[PDB]
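Enquirer: Let me give you the structure first, and then I'll get to my questions.
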Amino acid sequence: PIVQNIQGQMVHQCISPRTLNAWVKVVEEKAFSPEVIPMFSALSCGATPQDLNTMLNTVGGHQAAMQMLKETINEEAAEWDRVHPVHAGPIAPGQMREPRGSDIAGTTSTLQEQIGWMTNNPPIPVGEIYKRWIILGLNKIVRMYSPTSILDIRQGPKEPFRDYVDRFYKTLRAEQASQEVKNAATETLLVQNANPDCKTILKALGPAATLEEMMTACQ
Amino acid sequence: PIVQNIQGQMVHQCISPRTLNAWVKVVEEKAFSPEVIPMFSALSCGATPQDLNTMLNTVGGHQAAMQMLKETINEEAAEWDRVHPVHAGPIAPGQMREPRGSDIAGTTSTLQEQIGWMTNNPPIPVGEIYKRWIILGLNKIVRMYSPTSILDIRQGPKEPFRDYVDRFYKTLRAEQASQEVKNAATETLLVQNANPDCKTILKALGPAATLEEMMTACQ
Amino acid sequence: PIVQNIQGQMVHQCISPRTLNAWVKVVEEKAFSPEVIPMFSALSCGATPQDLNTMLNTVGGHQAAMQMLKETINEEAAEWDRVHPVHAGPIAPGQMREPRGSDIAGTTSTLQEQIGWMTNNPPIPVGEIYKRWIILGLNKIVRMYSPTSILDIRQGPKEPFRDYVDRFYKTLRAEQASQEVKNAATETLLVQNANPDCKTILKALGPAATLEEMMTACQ
Amino acid sequence: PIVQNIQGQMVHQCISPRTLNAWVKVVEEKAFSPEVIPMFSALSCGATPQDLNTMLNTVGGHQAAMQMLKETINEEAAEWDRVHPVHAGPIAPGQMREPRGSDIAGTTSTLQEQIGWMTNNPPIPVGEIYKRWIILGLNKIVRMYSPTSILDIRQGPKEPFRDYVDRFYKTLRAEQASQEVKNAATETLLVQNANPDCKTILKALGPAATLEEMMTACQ
Amino acid sequence: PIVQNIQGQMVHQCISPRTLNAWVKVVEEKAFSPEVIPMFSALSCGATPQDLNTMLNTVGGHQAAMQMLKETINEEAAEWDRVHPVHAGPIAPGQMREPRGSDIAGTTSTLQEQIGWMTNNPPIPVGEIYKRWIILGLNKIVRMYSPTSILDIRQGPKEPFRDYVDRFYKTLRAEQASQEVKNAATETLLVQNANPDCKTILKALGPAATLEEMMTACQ
Amino acid sequence: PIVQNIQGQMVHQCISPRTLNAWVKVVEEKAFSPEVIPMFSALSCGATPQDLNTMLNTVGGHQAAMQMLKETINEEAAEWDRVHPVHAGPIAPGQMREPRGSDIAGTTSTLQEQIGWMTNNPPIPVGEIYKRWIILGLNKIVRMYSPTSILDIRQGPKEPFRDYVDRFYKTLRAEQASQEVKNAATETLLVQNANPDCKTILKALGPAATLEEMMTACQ
Amino acid sequence: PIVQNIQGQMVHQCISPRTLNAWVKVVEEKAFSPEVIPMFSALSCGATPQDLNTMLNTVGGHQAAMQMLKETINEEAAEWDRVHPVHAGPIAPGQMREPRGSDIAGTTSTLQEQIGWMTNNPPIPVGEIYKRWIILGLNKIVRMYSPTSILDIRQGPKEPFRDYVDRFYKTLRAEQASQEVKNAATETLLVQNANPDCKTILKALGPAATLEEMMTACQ
Amino acid sequence: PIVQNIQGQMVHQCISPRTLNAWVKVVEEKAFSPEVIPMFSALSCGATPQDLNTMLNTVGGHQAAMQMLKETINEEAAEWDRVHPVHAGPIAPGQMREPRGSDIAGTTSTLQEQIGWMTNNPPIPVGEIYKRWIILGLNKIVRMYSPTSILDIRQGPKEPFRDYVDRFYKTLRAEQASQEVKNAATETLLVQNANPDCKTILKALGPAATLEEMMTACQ
Amino acid sequence: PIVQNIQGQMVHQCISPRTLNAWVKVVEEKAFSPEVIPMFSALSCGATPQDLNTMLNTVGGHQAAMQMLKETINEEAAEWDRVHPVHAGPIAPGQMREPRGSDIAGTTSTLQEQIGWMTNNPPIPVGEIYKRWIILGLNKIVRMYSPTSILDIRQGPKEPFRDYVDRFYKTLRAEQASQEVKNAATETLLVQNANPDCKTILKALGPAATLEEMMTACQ
């Protein structure tokens, strides 16, 4: 990845064995839990598309999942070649060149072109545009690894209310719902899917109470 | 490997014990899975041919595999001595010298010659030419470690469709097929080798559907 | 070991606890496998003879093996005192001094003399001359730890041909044969010591075929 | 310990948690094997007497052994106060002061005095004088942890000759004999304490043969 | 001007008062002698077009000469806008922009654009393209300040031959003739325009003799 | 002035005695010639308004001229307080503050505020806004020091044409006319104010000829 | 010229106005005295051939002398193209190229080629080879500026002997005689060309006395 | 000269035009006054023998004086070849070499050898040994430029006593007498060569009074 | 002098030609005016005693004055050898040594000892102790160069009162009186030695008025 030294010149360093071993052991332990994506965004900090393709290629299993990631990048590369068309023929374009969809993806671009693109006065964040293509592709992977939906999450009879909300928001995080979708679930679905006793306890609280004073009610 | 310091002078550092222990423990755990090559390309970042020969020589087992790697490099060294012939006798060639096939391979070249070759204004990437000789040799190693072919990958009766595509593209990655070869398999071989029920479900989708909306069909 | 900083001045650093723990744990796991030597040459990168003697002295077991290493260095130190004789009496030799066989070995030389010898404009690689004395001594150690010779390596009846070549070149690497010795074994000993069936399959290939197309024949 | 930076100014760094954990785990695994001393000399590289006293004080067990180390340092501190007497009264000695036996040992000296003493143009190696007091004290510790003497090391009837020389020089290293003492043992004690068969094989070799051609004789 | 620091980053420094006072005092002493141009090329080393326009604007007199320099730059700026046309409309050209003829001349370009243009991986030498426009304009200025032509340079009767060749090549340097034009003058015009006596002395030398053995002839 | 170091941090240096002596000796030699302004813009490169007020205050004579410069800055400071009004009361504005007209002029601002204003991520060029106030004030000073107008510049009878164009554009530079004003003078006033003989020579050239081929005509 | 920074990287700096003004004012004061060459060798320290050609081109007068310098360089450039012939056609010579006689002279070589040539591991001192061509050419210039020969240097009747030896060795330095030529003059020409009185005083000293005890004799 | 940078590595810089112009203008103003030597020792601070020979070669006049300096160095070079003889033949002396008398003098040594000699751990101060040869040679030059001896320095009748002691010690400094020689002159020659009146005033002071209370006596 | 670099290590630089030429030209213009001492203290900032002796030795004239400076230093060196006696014999004093009176004066101390003495943790300011010996010696020199005493300073009849106080305090500064001595002169000698008219004007002011309201009274 590109790093900032003491001076501020964006020099290029190679990916460490610590970062390589960290990303591989996340996927081996947890397959495609929703917290893997937050981890990916942190291990690949300022990474070149050569370094971003290295982290995807070192994953051993989940080859059905990595084909969805490969088809999503090919959809975004074709979208980038449509929204950003070529101006004219490169008769006098210099050594630099406007990146296509296959140059941001690291397929038709060398390492020296990717280091230059990110260091331009007006930096072309090809390491950041390609990261949003993987993350949008990783959100589709973790959506099919969700074992259940939010409509099937109901509280057990001997299950405490802290374990039910733990299962409720773990399923809601797996379906990758938005803030507006999650706001409707915490006011119209969390109370109604509880046990009858706790549910009543929660209908007496009022129309909308925060979860800090809710869970304590059913302690 | 050569590293870039704060100034930008390509100084030479030695290979760390972290990088030495990382490459050895990859080969011990997974023998010659196709993800070992992506790992190799990452641990040997800007490595001199002395450092590239060190990583090949620290592998304990798989001496049948390392002899294929040794014969592939000797084929590429003889090819480099044919496509890049000697101009004339080195009467006044200076301290520098045009590298042969045995100097890129690190056999007849010292460490001081390899550091110089890579630091020349027009750098002679002898650490990168030799890396493509190992990677081309490593692709032949992982092709013979594939336990089965793509024609023998069929879906089981109780096997879910996510596990069948996991086995299908793990075998396809082991045979190291190209993008054109893999494009024919995902449109004429993935559907036809499934279970009858799922296969029908997939023939009703149309001529060519993406895998994101395919696997979900047979959920 | 001497390291190169950002400026290029060969400053002296101490051996890290990572490098100390790496070299000790190699010898504990594998005793004197032929890949230990390649590892030694990598952990002791630019090491002073004080640092090279530290790595030999931290090995707990194999005291029969370390006495062979001690007698080999004493043979090379006496050889260095014969091929490099003293010119005259050091009446005005300055603070520097031409190293003897016992100064390269780190016995009669201080640390400040060894740092100076390696930093001279014409560097006296006393850390590299002494490393070739250990490596020549380590090759004699791993030759007596070979459990069998190459004439006793024969293919089993149910043994696959990939496992036979794995055992053949592991024994050949343990005896430390040269390239000319190994070239005669791969054309006159590898085929003849196989199983009858495979051997025939290999006599029909021709006089000399490469191992990439050979092993596949007996797949 | 004092380290050398890029410029060459001997700045003071603190002992790392890696170096602290390395020295403690050596003593926990192997109690006082003779290879612990070589390890100590490597982990405490350029260490101040504050840092040298820290490594001795973090050892949990072997309090009988650490009292021998404490009494040996007190013997060397009293010896240093005799061989290096005070010149006169320090009426105008400046901020610096000639170190006593209790200032090299780190008992009556602060950290700022020990950093100064080592950085003087004529450096007073108080971190190196105190290290020879511990190492001389550690040699007395490992001499009493030797389980047997060299006169009780005899070859077993079914014991191979490689295992007998392994036991012979491990006991000889535990008694910390000199080179002249070890030269008499390898010519008058190694052969005579072997099995009768091997011993004869070794008397036919001649008066004095090297161990490389000896052990092979009794292979 | 842009300068190279210790690291190699092309930082921008301001023009020194030493460089400002040097260029002004050249023009005050010698008006437009042909050696002023060589001086200009040396004082403006790596100068931005803001810094190149500063050196032209600090010249007090010779406003007839500076209008020829202004009209020559306007001719080269219109030529640059013809040989380097605009590719298309700058809908998505980024912060950078292809320089026109009025941006290299420093008229329609800010200082931050000129520093960027010269620091691009493929540097656009706008400080060097504009310098060739001034130097081509300065050659037209010094051609009209020549007080005489080469056909009017004849040797005086009491004038020594060293002073005649001094006047001959000072006039030839003022007319800014090429190497092919000067080669015809030194073989067909230098001898024939001398005094009769010296001329004869030079016709006896042969067809073409070098000036080192010629001037000595007429000493 | 603020300077850029090797790292790129805009540190503050003091004005050198070389720069102080350079600016004073320009005004002493030439009073308010139009080339003084170009010099001022070069000596005050990246200067703080404290440093810009220092250069104006070290001028000994021309106190009638410096009062015009003081009244012009007070006009621009009142204009800046009108075009850039205060948003609201600074209840929570932090340590930084939006500069008024008297803070850019260096009257009500300290040195620490001016260094901060220029170093902000979005730098407030208070050293550059104040420089345009002096330069606009200096253009009014040099307009009243012009000894004659352009209508009184006529060619003398024995005056050569190179000296007439020297006097014509020195007067035109003193009146500070624009490019459109100077374009009308070089096509309708330069020819008509010459000597009759030269004028005719110039009417035969055509409607509009460049000065390079014009002055030569009247050589 | 190339300078060595703190790190040791041979960065390129421009020639200072101090060095430009120093070399010009030497030639203006003393025309071609023999001490100008020693000065030239000192002002042009590590100078590129672009910088060496700049110092020759800023000399105003002595155009007869600068044509001898131009013809001497053309003789050495043709000699360099004969003693260093081209090996073969540059089909694959890289970005670097073996310098011809016109590339060392700075005629057909750019600045970027000259900086590279001097920075090569085996540096091609093109700034030092070209300096010996100027210095050999400058020795021919100062030989023709000698006003008299050594045979015409005789002591005057009222001239003291210190002034005669001052005139004797100033003429001998102007003719650029070698050490063997000057050794014959100080033993067979210095005594015989003196005044009769002093000469006798010097014949009584003996065959060969040093000048320290000679001049004192004739005090 | 060799300079010490921020790190402490003795890099080589070239002699500045300021130092070159300073040493030349000392000799032009004052010919060989005794204060020129102190100046020389200060301008040539850490100078290489190439740089020391440059300062001697840029002196225009005094060629009788520079021949005494040349003969003194040749006497010291022959003395150095006698007191420091060659040990043996340089069969294996490395790149470094023990300097002769002609290598310290800068005649048979290159610049790269002189930089190395001074940077050796045990630095061979060839720039300091050669400086003592010039200074010993410069003391012989200034001894013959003394216009009078100390026996001819007598006080005039109207001359004040401050001007007589000014002339007395200027002549004593020109003859380069030692401290023991000058101690005898200030007690037996200063008083006796004064005017009768002052002399008496000084005989009444006593046997030996300091000059601070002496000159005041004759105020 | 010792300078502080960016890091803070007190490296040793040589005295510049600017500092050498500054100190010499002060003494040539003004002989021993009282402002020369303040200048000396500023040019010799952190100077070693080698550098302090260089500045005293480059003074051409005033050899009567420099002998007073030499005798004052010899008085202070003998005083330093009495107030700071030797403790005992230097049997084990190390490389460092307590400085005597002749080592601070730079007579019996090398440059390497003086750099060390000033860099000690407890720095021995030998460059500052020796500076107070010169300054105490320079105060005795400027006391004898005073042309008149304070009792002979009387106001002339047509002399204005500003010129009388200018002459009064220039003589008082030449006699180097203390603050208590100068306080008695400004209250009992300044008024009484004026002209009668002004004196009366000053007796009407009162007992003691400041000089700001005094000189104005006699305007």
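Simple scheme: letters A, B, ... for chains in structure tokens order, numbers from 1 for residues in each chain, numbers from 1 for ligands in the order shown.
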Please provide the set of residues having any atom within 9 Å of region 2-13 of chain H, restricted to only C-alpha atoms, with same-chain residues fewer than 4 positions apart removed, written as JSON, numbers by chain.
Expert: {"C": [9], "D": [6, 7, 8, 9], "G": [3, 4, 5, 6, 7, 8], "H": [45, 46, 47, 48, 115, 118, 119], "I": [5, 6, 7, 9, 11, 12, 13, 14]}
Enquirer: Tell me, counting only C-alpha atoms, for each residue of chain D within 8 Å of chain C, which pair of atoms is nearest and how far apart they are in Å to one decimal, in rows ordered by chain and increasing number, as a Markdown table.
Expert:
| residue | atom | partner | partner_atom | distance |
| --- | --- | --- | --- | --- |
| D:3 | CA | C:13 | CA | 7.7 |
| D:4 | CA | C:13 | CA | 7.4 |
| D:6 | CA | C:5 | CA | 6.2 |
| D:8 | CA | C:11 | CA | 7.9 |
| D:18 | CA | C:17 | CA | 6.9 |
| D:19 | CA | C:17 | CA | 6.1 |
| D:22 | CA | C:17 | CA | 6.7 |
| D:33 | CA | C:60 | CA | 7.8 |
| D:34 | CA | C:60 | CA | 7.8 |
| D:35 | CA | C:58 | CA | 5.0 |
| D:36 | CA | C:58 | CA | 7.2 |
| D:38 | CA | C:58 | CA | 5.8 |
| D:39 | CA | C:58 | CA | 6.1 |
| D:42 | CA | C:15 | CA | 6.9 |
| D:43 | CA | C:17 | CA | 6.6 |
| D:45 | CA | C:14 | CA | 6.3 |
| D:162 | CA | C:64 | CA | 6.7 |
| D:163 | CA | C:64 | CA | 7.9 |
| D:165 | CA | C:64 | CA | 5.3 |
| D:166 | CA | C:64 | CA | 4.7 |
| D:167 | CA | C:63 | CA | 7.6 |
| D:169 | CA | C:63 | CA | 5.6 |
| D:170 | CA | C:63 | CA | 6.0 |
| D:210 | CA | C:71 | CA | 7.5 |
| D:211 | CA | C:68 | CA | 6.4 |
| D:212 | CA | C:68 | CA | 6.0 |
| D:216 | CA | C:144 | CA | 7.8 |
Enquirer: Between CA of residue 94 (chain F) and CA of residue 107 (chain F), what is the distance in Å, rounded to a tenth?
Expert: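 CA of residue 94 (chain F) sits 21.2 Å away from CA of residue 107 (chain F).
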Enquirer: I'd like the interatomic distance between CA of residue 151 (chain A) and CA of residue 202 (chain B), to a tenth of an Å.
Expert: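 CA of residue 202 (chain B) lies at a distance of 27.6 Å from CA of residue 151 (chain A).
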Enquirer: Using Å and a single decimal, report how far CA of residue 130 (chain I) sits from CA of residue 73 (chain I).
Expert: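 Computed distance, CA of residue 73 (chain I) to CA of residue 130 (chain I), equals 8.1 Å.
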